[PDB]
Every structure is written in structure tokens, then in C-alpha cells.
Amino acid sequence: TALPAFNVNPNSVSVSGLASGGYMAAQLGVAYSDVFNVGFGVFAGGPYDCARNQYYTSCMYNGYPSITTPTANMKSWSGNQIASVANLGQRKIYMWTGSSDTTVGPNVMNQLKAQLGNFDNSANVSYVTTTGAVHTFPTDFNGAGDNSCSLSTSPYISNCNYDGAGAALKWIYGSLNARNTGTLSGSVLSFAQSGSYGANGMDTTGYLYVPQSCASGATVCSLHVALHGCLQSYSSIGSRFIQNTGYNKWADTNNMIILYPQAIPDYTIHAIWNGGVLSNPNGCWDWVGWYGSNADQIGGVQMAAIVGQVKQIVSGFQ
């Protein structure tokens, strides 16, 4: 199936994600700040360009990664390898961490906050910590097969007594109509992540939730891109990220399409930015340089694929 064009305003696009998907969300929010022009959200991710000049595990396990060079790179690349960082001064930025997360962690997420603080507007930043939550996607309902919010294990989606999807979307878009807590009006569509929509480390197929109101094109809709983390691709947990995270509940009543690009496990070994080589058996988004030296810059193969998907969807704006 081909990815459809919808009546989506190009000025209403944003992105969020968990963990490696949170890292990627920030990579998109920075490198393509012009495309993701409303803002972005990061759940338990870390600094833009964190892993380029220090080993990636230093950007994990609740350590204190350096952001001296990453921040310098943002300044240096502005307007060339990434969109002008001036854009970040007019973006809504949502950030979340569990206080008990020792996989990425408060100390890592705080460095992302500090890094973006060089470029953003504090009034338009929301940084939230959920006490007791580990490395997992925070929701406020018992999604099928959810792990405990106090134990980090597959599918890494939990009832943390906190509606993370709603918090992120409401922060990014401002007011929203109450979420739909019952039968959704729309459908989850599948499309081929092929050609310009695809990249190494990405699955053959992606998904998007389209509310009934966005189907005809009679109504202008917005677009949020939601990125799963490692071990959360469709290959790993089927439709559980798409359904259990709670984005669609909010989208359904707010003329919003949610795009869910899909990574795929890749057992092959790749040279990465520093520290030698690494495989991607968990199907993570590329924040370490698996698929090229420009993973977090314009032209990064995965970011380019996601942006290509976005460009197609908004090309139907009337």
C-alpha cells in the first residue's frame, strides 16, 4: 500500500518518541526543526548528538554525558547540516523521565534539557518527572500485555498512572479536546516504507492512525510522528506500541493523524561514531551512527525517510 496524501497543514507537524525513539525525536526536532515546526517531545531519551564524541553507554545508565561538543555542534551546523537553531526558540518542547529509570535516566534527560536550554524558550518547555517510574512508556491505563511501571521489560509500555501521550500532545499543541476513551472512530493504515520512505534499519512496512475526521480531507488535520524505542518495533511486539501508548485516544478527537514509522532488528555489525563497532539486534532508531556519519543531520538515512513520509502526508494540504 502507498502512503496517502492527507489534508494536513505543514505548519502543524511535530514528533515524539521513547528512548532510542526519544533520541531520534530530538534529532528530528533539531536537524529538521523547519519540518517539525510546532515542536517535539522526548520520553527517556538524551542530548542531540550525544553519542558522536563519547561512547554511547556514557549517554545511558543514568550517567552525566557531556554536552559541550554536542552543543557546540548545534551552533556550528546551524543553517547547514541542520536547520537554523533559531527555530528552536519558537518550539514547544516536552520532556519526560521516570525517576527510577537507570537505563537512560534523569541525569541523561537533564543534560538534554540543559542543552536545549541554550536555544529554546523556557515558558514553552515542559519537563516532567514521574516518581517511581522506570524505563518504560508512561500511560494511565492497563494496555494489553503492559509491563509493570516498576519493572523495565517488554513491551516497555506501562500503566504509570500518568498519561504521557496526552501530556506530550497537549503541551505541543496547547488546548486539545478530551481524549476518546472508547471505540476509536478511525483506522490504523499500513504503508510501504520503500524508496524515499525507507532506509536501512527500517522495516518494510509502517503505520499511521487516521481519525474518521481526517479521512475525507474535508477537514484540515495535524500530524504527530510517534517513535517506538528499542524492542518496540512491530517486528518485536506487533501493534502494541501503536495501541497501548494512548496517542490515538487524543488524536481521535482532535483532527490529528499519528504516524508510526517502524524500525527492524538488524543483526549485522556496523562501524559507529566512536568506540568501534556495534550491531542493532534490538531494532533501535539510529542515534549512534549505525547507518552513517550523518545519522543526526539533514540527510541521515532514517531521518530522511521519516521526513519523506511526513512530506507525503502533508502534500495533500488544501
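Numbering starts at 1 and follows the sequence shown.
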| As stated in the PDB record, which stretch has the larger average Cα B-factor, 43-51 or 266-274? | 266-274
| field | Mean temperature factor over C-alpha atoms, higher-scoring stretch between 275-283 and 246-254 | value | 275-283
| said: Among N11, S16, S20, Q302, where is the Cα B factor highest in this entry? | reply: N11
| task | Would you mind finding, among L112, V225, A218, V210, the residue with the largest C-alpha temperature factor in the entry? | result | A218
| query | Among the modelled residues of its chain, does the C-alpha B-factor of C160 lie in the lowest, middle or highest third? | reply | middle
| note | The third of the chain into which the C-alpha temperature factor of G186 falls is the highest
| query | C-alpha B factor of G206, ranked within the chain: lowest, middle or highest third? | reply | middle
| said: Test of reading the entry: by CA B factor among the chain's modelled residues, which third contains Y173? | reply: highest
| field | Position of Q309 among the chain's modelled residues by C-alpha B-factor, lowest, middle or highest third | value | middle
